[PDB]
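In the block that follows, a single chain appears as structure tokens, in the form deposited in one PDB entry.
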């Protein structure tokens, strides 16, 4: 089993009260999971991914990852695991407009201290697998609404991570290109074996996987 999680209680300092929001959440994450983790409004979709990645640390819990604890780790070693076996896909326009589409996917290669002989070959082969070879040296400030989302998906699949943490892929576009990015995400587990999870606010756009798990405020309502 790749990732293990059981009884993760996240205690946040509210307005002079202490209310637990994540009450007894548990899921088994193996190598190559066909995951369809669905949620609702106020169920823990935007949360509990920072604890797995290492952005937030739980005060009353520990995230264990095949023998290596994520929560019991310093800040210097937390960023090491985010560049090799962890991917992040967001939808709040998290692209750098000062750079181009080639330098956005090469930015995790620069923090990982990769040599420039294989930086340009690993980055350009990811734009060819997505289908954005035309707007390779183009800034994201002039791209369309459907083309800017595909750069954020190609940003995390450069270093071939084990667990790809996604959050609302079809959130800022219509249903015309919804099947395009769902098919494009389906070419990742069959080529490098990258396990990922899909987050969707309703329960209609997540019918591509099998494990339809629902965790409302930590309680498993599958």
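Numbering follows the first chain given and starts at 1. We call the rigid core the largest set of C-alpha positions that still match within 1.5 Å between the two forms.
Missing here is the form deposited in another entry; even so, the following discussion is about that form.
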Might you check 153, 158, 188, 49 and identify the only one whose CA position changes by 2 Å or more between this form and the one not shown on rigid-core superposition? 188
Core-aligned, does residue 173 move its Cα 2 Å or more between this form and the one not shown? yes
A change of 3 Å or more separates this form from the other: in that other deposited form, the C-alpha atoms of residue 192 and residue 150 are farther
Which is it in that other deposited form for the CA atoms of residue 174 and residue 150, closer or farther than here, knowing they shift by 3 Å or more? closer
